[PDB]
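We give structure tokens for two forms of one protein chain below, kept apart as structure 1 and structure 2.
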Structure 1
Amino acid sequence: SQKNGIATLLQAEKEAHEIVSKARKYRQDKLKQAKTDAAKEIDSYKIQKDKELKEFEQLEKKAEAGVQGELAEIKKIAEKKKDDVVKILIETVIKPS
């Protein structure tokens, strides 16, 4: 039973080694997962910052139309006092000194 009792313990050690090696495989997986779950966290933050940049990133016709109400009142005051101004200028020019 000398070489039989030992064989039992050696088998237990072999089983123990698998347990530890499995945990080492776990760690190895866990370390790659860090690189994976960070690469997914990064390009989602990249597209998100790009998203909120393009939202911010938002034409002479709009400058004329923006003042078409003033360009209309200018000709308005023009049509009224026109004939009364022209009348004075004419009289002034042809007046016998």
Structure 2
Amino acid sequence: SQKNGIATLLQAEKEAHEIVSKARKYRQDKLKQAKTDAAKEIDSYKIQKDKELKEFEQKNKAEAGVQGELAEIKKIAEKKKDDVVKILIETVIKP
């Protein structure tokens, strides 16, 4: 008899083909997973860049280093002020 071994080997081949089929299913699933994960990574990356620029703009006493000069101007002015006014008055009223 041959069938008692042939059928055995054929059954083995069948199980084998099932195994390979499972493997190929795995392959398809990975191929789609590539695209899905790619989408998620692209979106998260875009959000990250937007956050980076936004944080660059939201974070990144200008009149403090000038008042010292303004007070100086007012000082120099007020010092010789009354004298100048006095001369101006006595120039208009005295022909």
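Here the rigid core means the biggest group of C-alpha atoms that line up within 1.5 Å when the two forms are laid on top of each other. All residue numbers here follow the sequence of structure 1, with the first residue given the number 1.
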Comparing between the two structures on the core: of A16, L9, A23, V86, the CA moving 2 angstroms or more sits at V86
* Asked: Taking the rigid core as the reference frame, is the Cα of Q68 displaced by 2 Å or more between the two structures?
  -> yes
Superposed on rigid core, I47 CA travels between the two structures a distance in Å of 1.0
Students should find the CA displacement of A38 between the two structures, rigid core aligned, in Å, to be 0.8
